[PDB]
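Undergrad: Before I ask anything, here is the structure I am working with.
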Amino acid sequence: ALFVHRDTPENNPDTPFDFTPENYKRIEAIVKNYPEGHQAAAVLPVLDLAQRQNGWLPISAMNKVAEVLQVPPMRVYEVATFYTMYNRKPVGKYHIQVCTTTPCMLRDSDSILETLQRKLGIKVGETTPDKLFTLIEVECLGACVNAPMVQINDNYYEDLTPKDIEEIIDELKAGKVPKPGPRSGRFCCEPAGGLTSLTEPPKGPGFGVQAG
Amino acid sequence: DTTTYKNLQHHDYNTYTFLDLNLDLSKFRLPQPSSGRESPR
Amino acid sequence: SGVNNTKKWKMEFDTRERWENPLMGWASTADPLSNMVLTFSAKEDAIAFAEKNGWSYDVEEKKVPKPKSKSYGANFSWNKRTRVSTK
Amino acid sequence: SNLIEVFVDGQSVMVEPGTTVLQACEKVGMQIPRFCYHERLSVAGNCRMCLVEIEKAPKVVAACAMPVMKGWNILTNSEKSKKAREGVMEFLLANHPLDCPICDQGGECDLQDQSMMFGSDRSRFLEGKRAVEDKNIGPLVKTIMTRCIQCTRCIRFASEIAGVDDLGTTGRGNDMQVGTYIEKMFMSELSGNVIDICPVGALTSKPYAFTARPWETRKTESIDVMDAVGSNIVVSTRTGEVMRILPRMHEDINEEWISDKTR
Amino acid sequence: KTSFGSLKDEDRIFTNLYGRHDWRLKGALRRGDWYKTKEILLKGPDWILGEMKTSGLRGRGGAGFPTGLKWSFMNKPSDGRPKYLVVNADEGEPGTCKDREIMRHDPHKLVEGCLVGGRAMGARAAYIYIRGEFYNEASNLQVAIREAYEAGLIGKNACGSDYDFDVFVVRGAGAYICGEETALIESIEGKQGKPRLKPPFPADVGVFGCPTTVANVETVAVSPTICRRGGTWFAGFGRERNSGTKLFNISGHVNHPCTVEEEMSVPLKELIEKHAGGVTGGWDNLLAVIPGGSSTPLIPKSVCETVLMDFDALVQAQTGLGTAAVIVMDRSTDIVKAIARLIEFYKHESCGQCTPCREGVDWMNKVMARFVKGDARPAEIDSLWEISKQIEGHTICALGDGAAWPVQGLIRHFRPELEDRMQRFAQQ
Ligand SMILES: Cc1cc2nc3c(=O)[nH]c(=O)nc-3n(C[C@H](O)[C@H](O)[C@H](O)COP(=O)(O)O)c2cc1C
Ligand code: SF4
Ligand code: SF4
Ligand code: SF4
Ligand code: FES
Ligand code: FES
């Protein structure tokens, strides 16, 4: 959105941030995930871990990650500004996302977006005053088949309708985080109208095995 | 059977599943190479 | 980064006193060779012209940039320090 | 030996391996247009202006980064190359702002001259332009970044010659922005060379800001006396005054770069 | 050898693509995984690439390139450097769910594919880059790697074999361009997700400055069973030059959108009638199809009834096969609105390091939004075509091509609609 930082009292280099002891063990594991040199490869996972330990990325975190990696902070800034999953402004306990590309706009995802706006009393990219919900319209998410979908903190709620997102919000507004997946008779990418690709069992080891 | 869904484990995953798993896996993995250098600086 | 205003030799004169006209501030001169600039295609010709017109010259021999070994793959090295960290 | 027979519009040229199309053409007298290649900095094909066709390849190749192969003829004045350059300048001048009589690189702009030689002559961009927030570095450099062209020739200089790593790219797309993500002084003993490196007046020098224009100037070649390096220097004069200091090219000393004291 | 588009469950290569049996080792080990992989590895690298080249397997990513010819680029021996196998699972293109639905419900296939492909090449380890929104899928895959390490299939003695291997899991941060060959590599290395110029090809200097061979999820997941069953078995499916099974995603304006495995060169009409029961309003109501995900042009219904689902066929159709994610329109749809949405997507996901996709994509976004509203004149459509042809080959990566091709398909088949909207706005 902005792609520039101005020192707010909240977001400033003296804003308090540090990793818990377990987070440091996760960091050294992550750095063992990449060679002895070229340890800057851990910028993305370590920065997601920072986003995960505090919910978002203050500049203090974006500098402490450079300190932890011994990398210049500008590279961490470049990374965080490039990738969209890194929240540089604070967001809510539940970060709502809605796909609006053609495979899900062509199934009227905007109906879900309307019924999701009126339920929260917000515009698209706004937050709620209770700091419990935010909202954005985003691009594809890889479940285009179950087209009308949303995403609430690392899980998908798919092929849903206005009733089946009002239900979801009423559950999120009570401490009950509900079950993800298709909110219909389906549970996966299967065709709804009965099995069509396979109903027989799967064959066992050695089936069709080549001579060798 | 092929009459119900059986990947229901991911209804019980927290924020720190992936990284705890990598922390477990770091023991299994080999010592990695080196560029004869601690960093490109 | 253009190099076409090179490729030709020239012949300048030593600059001289420039002062401000007291009326308006215009830069004045008493010499007429202030803006004298000629164009030659070789150094021999300019040396000949200057010797012919009785002027004393001082030469600056040609300056060419070195040919350099450029490689885009050196930006992505494993061992060297050419591994650039941005794009 | 380690040489390669290569053709440039039929004219043969023998060159070492590891070379480029651009060097091979410079060996003949033909320089390809540029907005990202400098010949001291790293290579990065960001402007897509060094696009020439090969005599039978189906497409174009970036000559700043493509190494050459045995038995290649390089067509610099063909129609594919010219169409490529025209498109690239259409793009570059689409979101560019009409600040030519303000921009201190008036008769010093490679964008201007390349639009004037290798480019089209008309805009079919009937939409609105962008605008970028300007940064306050310091008293030397003056960032007007709505007219930048994202060539990275400044961050490359910061990283590879000055050893700084305080300059980068934030965002992606038209909304991407070059500079510091925070208010910071890009202040070093080699910072004023970004003013020359930048082909565009996106960043200029504050002392010279608005004082003169390049055709007014008389360029007398001189040297520095601040330090004992002996850096070759140009002294540009306007009506018996000294307007600015510029570096000369010399590969044994002052490899196109001068300090900030001496400019 | 004609009109061959439907096959049986004996040949289903992703037998658990619906989460009906299991996804862990106890249940994927029953579907024929890790059977004789020890023997496959002890056979040799040349034999695996032979199976690849005989199978006629083209790349199941966007670009269909023959593997074997691709993986053989780093069969050459070690120059004192390691080697790596990077797997592409940044399933960011619209319409695409196949890598998601293999990642969950069948991870051990992918792990065996990594291992076999590495021994086909040489590889100290692998780096499965996966999307960032795919958190739970990545967790299932990490559990699978945990199970394989504990079982004795990866590590110091992988299936015996005196061949040591590791399978790492990198996790992106929400970009579509990172699915490129080299942008994936740069983001692994910990920089901006920006592609590279190619040359240098990733088979000589790639991730960490070391050789690599990027490969889609299913391209590797189908490799070990190809070696275990043979390329000729795999080449029997499809034509002589377009071979294999293929996962097919079907999206939008149809009664049952699903993901299905099916025989290559199947006709698309069979594809939508048999699987994913016919389009909304039936064949009476079809308007157009996008066989690729989004970086492929349209079909005006004249050449989808009698046109095969292949690389060569769709290339002859002025189109192309990508991730084989079919999208369908139903005459209830502003088509310019759809392509403008796709161009908004390409604008959001452009990296921005090369000028054509940095500028012209926003040109075309503005122009197509204007066409949607109708605030243009018909003399701008040819201009838009010219902007497309400028963006096409003068970019670094193929995202400019992918943002230009849909516009070309729209102008090539639905220009009277644009003219109608223009004259409507003019008269009003
Ligand atoms: C913008 C862009 C996005 C891409 N995204 C993907 C992707 O999400 N998944 C994928 O498998 N390939 C993607 N590709 C193509 C990859 O280059 C390809 O998958 C990889 O090179 C493997 O090639 P293969 O299909 O021959 O195995 C993308 C290419 C571009 C230009
Ligand atoms: S850089 Fe300055 S002189 Fe060149 S085109 Fe832009 S505004 Fe005009
Ligand atoms: S500021 Fe100048 S040198 Fe830096 S990217 Fe922009 S145009 Fe290039
Ligand atoms: S075409 Fe777009 S995404 Fe690809 S390199 Fe160029 S700017 Fe980046
Ligand atoms: S287009 Fe909506 S999830 Fe893919
Ligand atoms: S000079 Fe080659 S892309 Fe810029």
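Residue 1 is the first one shown; counting continues down the chain.
Technique stated in the header: electron microscopy, 3.1 Å.
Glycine is no exception: its Cβ is also placed from the backbone N, Cα and C atoms.
So Swiss-Prot has the following annotated:
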{"type": "BINDING", "residues": "E:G59, E:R60, E:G61, E:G62, E:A63, E:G64, E:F65, E:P66, E:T67, E:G68", "note": "NADH binding site"}
{"type": "BINDING", "residues": "E:171-219", "note": "FMN binding site"}
{"type": "BINDING", "residues": "E:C351, E:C354, E:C357, E:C397", "note": "[4Fe-4S] cluster binding site"}
{"type": "MOD_RES", "residues": "E:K53", "note": "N6-succinyllysine"}
{"type": "MOD_RES", "residues": "E:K53", "note": "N6-acetyllysine"}
{"type": "MOD_RES", "residues": "E:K76", "note": "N6-acetyllysine"}
{"type": "MOD_RES", "residues": "E:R229", "note": "omega-N-methylarginine"}
{"type": "MOD_RES", "residues": "E:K347", "note": "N6-acetyllysine"}
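Quick one: where do these features end up spatially?
TA: Counting Cβ atoms from all protein chains shown, E:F65 (NADH binding site) has 14 others lying within 10 Å of its own Cβ.
DSSP assigns E:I185 (FMN binding site) to a helix in the three-state reduction. Cβ-based neighbour count (10 Å, all protein chains) for E:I185 (FMN binding site) stands at 28.
The DSSP secondary structure for E:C351 ([4Fe-4S] cluster binding site) is coil. Of all the Cβ atoms in the protein chains shown, 27 others lie within 10 Å of the Cβ of E:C351 ([4Fe-4S] cluster binding site).
Secondary structure at E:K53 (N6-succinyllysine), taken from DSSP and collapsed to helix, strand or coil, is helix. Of all Cβ atoms in the shown protein chains, 16 besides its own fall within 10 Å of the Cβ of E:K53 (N6-succinyllysine).
For E:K76 (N6-acetyllysine), the number of other Cβ atoms no farther than 10 Å from its own Cβ, over all displayed protein chains, is 13.
Non-local neighbourhood of E:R229 (omega-N-methylarginine): empty, since no residue in the same chain at least six residues away has a C-beta under 8 Å from its C-beta.
Residue density at E:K347 (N6-acetyllysine): 21 other Cβ atoms are found within 10 A of its Cβ, drawing on all protein chains shown.
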Undergrad: Just to verify a number: CA distance, E:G61 (NADH binding site) to E:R171 (FMN binding site), in angstrom, no decimals.
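TA: Given the Cα positions, E:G61 (NADH binding site) is 19 Å from E:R171 (FMN binding site).
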Undergrad: Around E:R171 (FMN binding site), how many other CB atoms lie within 10 A of its CB?
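TA: If we count other Cβ atoms within 10 Å of E:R171 (FMN binding site), we arrive at 20.
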Undergrad: Taking Cα atoms as reference points, rank the binding-site residues E:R171, E:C178, E:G206, E:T213, E:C354 by distance from E:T67 (NADH binding site) and give the first.
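TA: Nearest by Cα distance to E:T67 (NADH binding site): E:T213.
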Undergrad: Between E:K76 (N6-acetyllysine) and E:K53 (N6-succinyllysine), find the distance joining the two CA atoms and give it rounded to the nearest Å.
TA: 17
Undergrad: So if the criterion is CB under 8 Å to a CB of chain B, which of the binding-site residues E:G59, E:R171, E:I185, E:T213, E:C351, E:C397 qualify?
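TA: Contact set vs B: E:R171.
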Undergrad: Work through the binding-site residues one by one (E:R171, E:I185, E:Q192, E:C351, E:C357) and name whichever has its CA nearest to the CA of E:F65 (NADH binding site).
TA: E:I185
Undergrad: Name, in order along the sequence, the binding-site residues among E:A63, E:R171, E:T213, E:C397 with a Cβ closer than 8 Å to any chain D Cβ.
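TA: Of E:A63, E:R171, E:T213, E:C397, none lie near chain D.
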Undergrad: By the criterion CB under 8 A from chain C, which of the recorded positions E:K76, E:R171, E:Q192, E:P199, E:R229, E:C397 would you report?
TA: E:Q192, E:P199
